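Undergrad: Quick one: structure below, then a few questions.
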Amino acid sequence: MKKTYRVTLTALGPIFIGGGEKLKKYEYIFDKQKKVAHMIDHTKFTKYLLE
RNA sequence: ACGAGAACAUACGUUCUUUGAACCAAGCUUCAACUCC
C-alpha cells in the first residue's frame with residue numbers, strides 16, 4: 001500500500017528522449033574541429049538579423 | 001288608463017406576507033515521440 005521509491009537511472013549506453021524539434025542543417029548548428037555544437041537561441045538571432 | 005310609477009346590487013378593499021435552485025461530485029482514466037529505411 002503506497003510504496004514510494006526513488007528510481008535512479010544511470011545511463012550505461014546513450015539515452016535520448018523526444019523533443020518535438022528537428023534542428024536543420026543550418027538552423028542554429030555549428031560544428032568544427034574544436035568538436036562543439038553550439039545551439040543558438042531562436043528568436044534573438046532573427047531579431048538581431050533585423051538590425 | 002297594467003299591484004302600479006319612479007330606483008345602477010351599489011360604495012370602500014394590493015392575491016398579499018415569509019422563503020438561497022440548493023446540496024454532495026478531481027475533466028479524469030489506460031498512453032515512450034516513436035517507428036523503418
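Residue names in the C-alpha cells use chain letters A, B, ... in the order shown, residue numbers from 1 in each chain, and ligand numbers from 1 in the order shown.
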Among chain A, which ones does DSSP assign to strand (DSSP E or B) (computed from the backbone)? Answer as a list in words.
TA: residues 29, 30, 31, 37, 38 and 39 of chain A
Undergrad: Mind dumping the selected residues with C-alpha atoms as a CSV table (one decimal), in the first residue's frame?
TA:
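Done, and the output landed in out-v9.csv:
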```csv
chain,number,residue,atom,x,y,z
A,29,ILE,CA,24.2,24.5,-35.5
A,30,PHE,CA,28.0,24.9,-35.8
A,31,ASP,CA,30.5,22.1,-35.5
A,37,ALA,CA,27.9,22.2,-31.4
A,38,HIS,CA,26.5,25.5,-30.1
A,39,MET,CA,22.7,25.9,-30.4
```
Undergrad: Tell me as a PDB file with C-alpha atoms (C1' of nucleotides), in the first residue's frame which residues belonging to chain B come within 9 Å of chain A, counting only C-alpha atoms (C1' of nucleotides).
TA:
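Contents of the output file out-v8.pdb:
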```
ATOM      1  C1'   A B  32       7.505   6.030 -24.552  1.00  0.00           C
ATOM      2  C1'   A B  33       7.528  10.724 -29.839  1.00  0.00           C
ATOM      3  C1'   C B  34       8.199   6.562 -31.618  1.00  0.00           C
TER       4        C B  34
END
```
Undergrad: Give me every alpha helix (DSSP H) residue in chain A, going by DSSP on the backbone, as a list in words.
TA: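 Written out, the alpha helix (DSSP H) residues of chain A are residues 42, 43, 44, 45, 46, 47, 48 and 49 of chain A.
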Undergrad: What does the file look like for those residues with C-alpha atoms, as an mmCIF file, in the first residue's frame?
TA:
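Contents of part12.cif, as written:
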```
data_model
loop_
_atom_site.group_PDB
_atom_site.id
_atom_site.type_symbol
_atom_site.label_atom_id
_atom_site.label_comp_id
_atom_site.auth_asym_id
_atom_site.auth_seq_id
_atom_site.Cartn_x
_atom_site.Cartn_y
_atom_site.Cartn_z
ATOM 1 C CA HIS A 42 15.660 31.057 -31.524
ATOM 2 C CA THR A 43 14.112 34.500 -31.920
ATOM 3 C CA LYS A 44 17.110 36.574 -30.807
ATOM 4 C CA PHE A 45 19.037 35.538 -33.930
ATOM 5 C CA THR A 46 16.391 36.797 -36.332
ATOM 6 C CA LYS A 47 15.681 39.899 -34.268
ATOM 7 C CA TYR A 48 19.444 40.556 -34.493
ATOM 8 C CA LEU A 49 19.293 39.974 -38.248
#
```
